[PDB]
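Atoms within each ligand, like the ligands themselves, are counted from 1 in listed order. All heavy atoms count here, side chains included; hydrogens, waters and symmetry mates do not. Just so it is clear: chains get the letters A, B, ... in the order the sequence lines come, proteins before strands, and each one is counted from 1.
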Amino acid sequence: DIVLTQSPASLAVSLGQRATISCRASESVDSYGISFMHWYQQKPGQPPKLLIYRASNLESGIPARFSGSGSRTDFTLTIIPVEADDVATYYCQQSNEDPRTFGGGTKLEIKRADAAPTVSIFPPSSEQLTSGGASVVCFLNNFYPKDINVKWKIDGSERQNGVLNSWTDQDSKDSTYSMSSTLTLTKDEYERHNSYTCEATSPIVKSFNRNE
Amino acid sequence: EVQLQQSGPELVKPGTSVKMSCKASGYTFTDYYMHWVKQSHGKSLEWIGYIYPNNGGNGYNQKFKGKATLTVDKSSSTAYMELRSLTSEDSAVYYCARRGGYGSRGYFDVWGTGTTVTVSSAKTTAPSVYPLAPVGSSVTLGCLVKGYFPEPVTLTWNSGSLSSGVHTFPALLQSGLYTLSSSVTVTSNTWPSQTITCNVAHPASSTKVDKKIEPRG
Ligand SMILES: COc1cc(S(=O)(=O)O)c2ccc3c(S(=O)(=O)O)cc(S(=O)(=O)O)c4ccc1c2c43
Ligand SMILES: [Zn+2]
Ligand SMILES: [Zn+2]
Ligand SMILES: [Zn+2]
Ligand SMILES: [Zn+2]
Ligand SMILES: [Zn+2]
Ligand SMILES: [Zn+2]
């Protein structure tokens with residue numbers, strides 16, 4: 001089929017700077033001198049939305065910060081200036097021949113200043129304890145960059161697995177991430193130990209004592 | 001407004017069939033080709049096929065030839081896609097999309113709201129909802145939603161009136177069951193004096209639960 005290769009896979013760009021995303025096709029997608037290549041934006045949890053059609057035509061209602069160019073096999077999408085709410089995956093797609101095919105996508109992330117997470121720890125609720133399960137939850141909120149280490153310790157000794165970590169997508173307003181880290185144990189095992197710690201990396205540390 | 005309203009999420013069993021709909025409004029349904037596209041969590045988009053409602057003509061990706069069937073009901077402006085012999089490779093989001101432009105090589109100008117298909121033997125399971133109260137200027141509370149299937153649940157704070165300062169984390173599978181959590185951070189003078197309640201709905205089990213977060217101890 002016609003293969004569409006986008007680069008890069010992930011593009012980090014500062015607010016106000018230019019983003020440029022390439023799509024190369026494995027053959028010309030021109031007919032009659034017209035390039036049948038389109039660009040879509042897809043926000044997390046949302047359907048795709050057309051930005052640019054026939055390589056360079058700005059779709060009605062899309063800001064002029066977006067533009068496209070190229071022909072034959074080589075296309076670029078440009079965003080200038082990049083704004084905090086442009087975080088999304090951008091897809092190129094050819095309609096010159098059947099079957100229609102799409103590139104693999106490029107994720108836009110916003111480069112911004114480092115930020116320590118705000119860390120909050122929560123013991124198992126007493127409702128949950130009445131059912132034989134114990135989950136200890138740690139929230140790490142509003143931090144940057146995305147790659148943070150989270151460690152659990154029980155009475156000061158490190159524990160994995162029963163650990164489940166879930167990141168949000170990059171925030172469309174402040175360009176931060178948050179994540180939750182949940183330590184799931186049996187109620188029996190939870191109540192054999194006193195001291196519970198979550199640590200995010202010098203690490204930011206939250207603990208509680210089960211008896212206090 | 002051009003609208004392509006797709007049917008709601010389906011949990012369906014391996015080997016069976018599923019049929020999903022796309023009701024169009026805001027244009028003359030029979031003047032436009034309707035295409036279908038698959039998006040597997042939550043990466044690649046793949047073109048499936050098309051149908052023209054005006055006359056009835058249709059075409060397929062070779063890949064989907066034995067898998068998908070496209071139909072229309074002209075009188076109610078609705079396109080249907082039926083997927084057969086389901087496997088877990090069919091678990092995906094499916095889009096209908098209207099072809100724009102003046103010819104066969106037209107771009108997609110409007111995308112449908114998406115239908116999520118989950119292919120699984122597992123039974124519908126209602127979540128347990130647990131309030132997470134704390135152990136300076138700001139206080140952070142939580143809501144833990146554990147043990148449901150299938151996706152989705154919806155979680156709000158104070159019926160949705162509290163939307164500022166909320167982080168709702170993507171669900172993950174543990175032991176064939178989903179878990180999600182949500183945090184809300186408010187000013188220290190707000191709670192407990194003002195009540196804060198997690199609202200959780202899991203339509204697939206017709207369950208709705210409101211959990212007030214109370215001070216511990
Ligand atoms: C030289 O031929 C041109 C010129 C234009 S133009 O308006 O951009 O000059 C075209 C503009 C748009 C065309 C469109 S579109 O409206 O679906 O985007 C389709 C076709 S097609 O190959 O008959 O499908 C075309 C086939 C030939 C076309 C054009 C299209
Ligand atoms: Zn090929
Ligand atoms: Zn060709
Ligand atoms: Zn945030
Ligand atoms: Zn132990
Ligand atoms: Zn111990
Ligand atoms: Zn104390």
- When rounded to the nearest 0.5 angstrom, what distance separates CZ in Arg99(B) from OH in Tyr33(B)? 6.0 Å
- Can you list the atoms of ligand 1 that are under 4.0 Å from a heavy atom of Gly101(B)? 15 (S), 16 (O), 17 (O)
- Min heavy-atom dist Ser104(B) to ligand 1 below 4.0 Å: yes
- Message: For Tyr80(B), does the six-membered ring have the charged nitrogen or CZ of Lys19(B) within the cation-pi criterion, i.e. under 6.0 angstrom from the centroid and within 45° of the normal?
- Response: yes
- Which ligand 1 atoms are under 4.0 Å away from a heavy-atom of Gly106(B)? 17 (O)
- Query: Within 4.0 Å of atom 17 (O) of ligand 1 (strictly less), any protein heavy atom?
  - Reply: yes
- Look only at the side chain of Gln6(B) and the backbone of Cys96(B), and say whether a donor-acceptor pair between them is shorter than 3.5 Å. yes
- Starting from atom 22 (O) of ligand 1, locate the nearest protein heavy atom and write down its residue, its atom name and how far away it is, to 0.1 Å. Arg105(B) NH1, 2.7 Å
- Of all N/O/S atoms in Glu212(A), which lies nearest to the Zn ion (ligand 7)? OE2
- Message: Go through it in stages, so that I can follow the logic: the residues are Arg210(A) and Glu191(A), the test is salt bridge (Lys or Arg N to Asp or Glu O under 4.0 Å), and I'd like the CA-CA distance, side-chain angles, deciding distance and then a yes or no.
- Response: CA-CA 8 Å; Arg210(A) 190 179 50 85; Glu191(A) 60 186 31; 5.7 Å; no
- Note on the structure: The residue among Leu58(A), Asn57(A), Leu77(A) that forms side chain to side chain contact (heavy atoms under 4.5 Å, CB included) with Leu51(A) is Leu77(A)
- Could you check atom 7 (O) of ligand 1 against the protein and tell me its nearest heavy-atom contact, residue, atom and distance included? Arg54(A) NH2, 4.7 Å
Which pairs would a plain distance check flag for residues 33-47 of chain A, meaning a side-chain donor or acceptor within less than 3.5 Å of a matching protein atom at least two apart in sequence or in another chain?
unit_1: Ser35(A); atom_1: OG; unit_2: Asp30(A); atom_2: OD1; d: 2.6
unit_1: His38(A); atom_1: ND1; unit_2: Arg54(A); atom_2: N; d: 3.1
unit_1: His38(A); atom_1: NE2; unit_2: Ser95(A); atom_2: OG; d: 2.8
unit_1: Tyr40(A); atom_1: OH; unit_2: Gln93(A); atom_2: OE1; d: 2.9
unit_1: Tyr40(A); atom_1: OH; unit_2: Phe108(B); atom_2: N; d: 3.1
unit_1: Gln41(A); atom_1: NE2; unit_2: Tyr90(A); atom_2: OH; d: 2.8
unit_1: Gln42(A); atom_1: NE2; unit_2: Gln46(A); atom_2: O; d: 2.9
unit_1: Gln42(A); atom_1: NE2; unit_2: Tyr95(B); atom_2: OH; d: 3.2
unit_1: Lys43(A); atom_1: NZ; unit_2: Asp85(A); atom_2: O; d: 2.9

- Query: Among all residues two or more places apart in sequence or in another chain, which pass the ring-ring contact (aromatic ring centres under 6.0 Å, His included) test with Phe102(A)?
  - Reply: none
- Looking only at distance, does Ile34(A) have an N or O less than 3.5 Å from an N or O of ligand 1? no
- Query: Which one of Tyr107(B), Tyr53(A), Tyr32(A), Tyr102(B) has a non-hydrogen atom at the shortest distance from atom 2 (O) of ligand 1?
  - Reply: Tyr32(A)
- Item | Closest protein heavy atom (residue, atom, distance) for atom 23 (O) of ligand 1 | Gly103(B) CA, 4.2 Å
- Note on the structure: If you scan protein heavy atoms around atom 20 (C) of ligand 1, the nearest is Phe36(A) CZ, 3.8 Å
- Query: Are side-chain heavy atoms of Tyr144(A) and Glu109(A) found at a separation under 4.5 Å?
  - Reply: no
